[PDB]
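For reference, the structure discussed in these notes is given below.
In each ligand, atom 1 is the first atom listed, and ligand 1 is the first ligand listed. First the proteins, then the strands, lettered A, B, ... as listed; each starts at 1. Values reported hereafter were calculated over all heavy atoms of this structure, with side chains retained and with hydrogens, waters and symmetry mates removed.
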2 protein chains.
Amino acid sequence: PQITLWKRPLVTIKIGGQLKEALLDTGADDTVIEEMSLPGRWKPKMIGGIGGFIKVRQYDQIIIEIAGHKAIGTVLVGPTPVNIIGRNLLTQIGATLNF
Amino acid sequence: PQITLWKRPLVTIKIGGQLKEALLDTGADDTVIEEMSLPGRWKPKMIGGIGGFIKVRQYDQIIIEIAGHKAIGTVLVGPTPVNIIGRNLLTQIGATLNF
Ligand SMILES: COc1ccc(S(=O)(=O)N(C[C@H]2CCC(=O)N2)C[C@@H](O)[C@H](Cc2ccccc2)NC(=O)O[C@@H]2C[C@@H]3CCO[C@@H]3C2)cc1
Ligand SMILES: [Cl-]
Ligand SMILES: [Cl-]
Ligand code: NA
């Protein structure tokens, strides 16, 4: 698709068999989702957003559908106002910005 | 142009007579610029993201040149770690997300 930006670019994602809403976020390096359970081991990571740095759980090689496109990659779990799909997975689904 | 997302989507902007680098950010509702002087009236605002909220100054009807495209709109000024072009100005240059 071609998504305009008059509204927030929210899409449906599927992770762990559950549907969630997430924001396509070209200003995010990383994908950050709200607390949920994911399989496997996690590693620590600190990310710095607009208000400061927070700790998150980094899970690698997680299967995630984004707007109907399959991605497999790193998901950070921690307190974010909204689930955000960052460039690590936007690249996997072939997204570009155009103007 | 078509901008891929392997790297941060940074562009040159001109605002207040000043050249700056800024992120094209589909996850940002509003445009947020690091501390600088702008003319006219302003009002305080709080904006929030990962890590919490910061206090900013809201300036209305500010012209920004974004990668050579002129736009006008509200610009927030405050202690953001990065300059952010948000959806309120991305729409005006006709930016879309494509995949
Ligand atoms: C109302 O207007 C705005 C409100 C908030 C922001 S924001 O900068 O907090 N942010 C909002 C996003 C994230 C939460 C949400 O609902 N939408 C814009 C983001 O693109 C932000 C833009 C950003 C803010 C601060 C630093 C770098 C980028 N990136 C970001 O938080 O990425 C996180 C932090 C890590 C650094 C970059 O990637 C890592 C993942 C911008 C304008
Ligand atoms: Cl505006
Ligand atoms: Cl349009
Ligand atoms: Na003004």
Side-chain angles (χ1 to χ4, degrees), chain A residues 1-11 20-34 45-58 73-91 95 97-99, chain B residues 5-10 15 21-34 38 40 42-64 66 69-98:
Chain A
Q2 176 162 103
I3 303 175
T4 59
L5 298 169
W6 307 99
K7 301 181 171 61
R8 290 191 172 163
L10 295 164
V11 300
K20 303 170 174 298
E21 208 77 11
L23 185 66
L24 302 181
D25 190 350
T26 57
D29 299 338
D30 311 310
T31 295
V32 193
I33 60 174
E34 300 181 318
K45 193 186 181 54
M46 287 209 352
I47 61 175
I50 203 153
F53 281 88
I54 65 164
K55 304 194 169 192
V56 300
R57 302 202 299 286
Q58 176 176 328
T74 298
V75 174
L76 310 181
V77 180
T80 170
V82 157
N83 300 320
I84 62 179
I85 307 306
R87 293 189 296 96
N88 72 306
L89 302 182
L90 291 174
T91 56
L97 273 174
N98 297 263
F99 59 94
Chain B
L5 297 169
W6 295 118
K7 312 311 231 200
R8 289 188 180 199
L10 290 175
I15 178 175
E21 292 298 299
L23 192 64
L24 302 180
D25 189 353
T26 60
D29 298 334
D30 307 335
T31 294
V32 194
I33 304 301
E34 296 169 359
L38 292 173
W42 60 269
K43 63 187 184 171
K45 187 181 178 75
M46 287 281 271
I47 61 174
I50 282 163
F53 287 74
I54 59 167
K55 191 178 102 125
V56 302
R57 304 188 312 275
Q58 180 185 328
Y59 294 86
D60 296 322
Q61 298 187 300
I62 301 299
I63 302 171
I64 297 201
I66 302 155
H69 301 249
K70 282 192 261 163
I72 188 174
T74 295
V75 175
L76 310 181
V77 178
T80 177
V82 287
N83 299 315
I84 298 164
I85 304 305
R87 294 189 298 98
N88 73 309
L89 297 177
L90 295 168
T91 57
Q92 298 297 285
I93 71 178
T96 58
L97 261 180
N98 292 257

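Between B:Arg8 and ligand 1, not a single N/O pair is under 3.5 Å apart. Between A:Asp30 and ligand 1, not a single N/O pair is under 3.5 Å apart. Annotation: A:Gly27 places an N or O atom under 3.5 Å from an N or O atom of ligand 1; distance criterion only.
One option in A:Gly49, A:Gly86, A:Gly51 has a heavy atom closer to atom 25 (C) of ligand 1 than any other, and that option is A:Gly49.
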Go through the steps for B:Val82 and B:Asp25 under the test side chain to side chain contact (heavy atoms under 4.5 Å, CB included), then give the verdict.
CA-CA 11 Å; B:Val82 287; B:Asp25 189 353; over 6 Å; no

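Distance alone, capped at 3.5 Å, is enough to place a donor-acceptor pair between the A:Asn83 side chain and the A:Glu34 backbone. The main-chain N or O of B:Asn88 is never found under 3.5 Å from a side-chain atom of B:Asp30 such that the two would form a donor-acceptor pair. With B:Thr26 contributing its side chain and A:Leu24 its backbone, the two residues share a donor-acceptor pair below 3.5 Å.
With a heavy-atom cut-off of 4.0 Å, A:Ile50 touches ligand 1 through backbone and side chain alike. Counting heavy atoms under 4.0 Å from ligand 1, residue A:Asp29 touches it through both backbone and side chain. Of the heavy atoms in B:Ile84, only side-chain atoms (C-beta onward) come closer than 4.0 Å to ligand 1. By the criterion of a heavy-atom distance under 4.0 Å, the side chain of B:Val82, and not its backbone, is placed next to ligand 1. At a heavy-atom distance under 4.0 Å, no atom of B:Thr31 approaches ligand 1. In A:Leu23, the part holding a heavy atom less than 4.0 Å from any atom of ligand 1 is the side chain.
For atom 19 (C) of ligand 1, the nearest non-hydrogen atom of the protein is B:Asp25 OD2, 3.2 Å.
Counting non-hydrogen atoms of neighbouring residues, nucleotides and ligands closer than 6.0 angstrom, the CZ atom of A:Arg8 reaches no more than 12 such neighbours.
At least one side-chain heavy atom of B:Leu23 sits less than 4.5 Å from a side-chain heavy atom of B:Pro9. The side-chain heavy atoms of B:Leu97 and A:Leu97, taken from C-beta on, include a pair separated by under 4.5 Å.
With ligand atoms numbered from 1 in the order given, ligand 1 contributes 42 (C) to contacts under 4.0 Å with heavy atoms of B:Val32. Taking a cut-off of under 4.0 Å to the non-hydrogen atoms of A:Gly48, the atoms of ligand 1 that pass are 25 (C), 26 (C), 34 (C), 35 (C), 36 (C). The A:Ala28 neighbourhood of ligand 1 comprises atoms 20 (O), 32 (O), 38 (O), with distances under 4.0 Å to a heavy atom of that residue.
Closest non-hydrogen pair, A:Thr91 versus B:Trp6, comes out as CG2-N, 3.8 Å.
The aromatic rings of B:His69 and A:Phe99 stand perpendicular to each other, their planes meeting at an angle above 60°, with 30° marking the opposite boundary.
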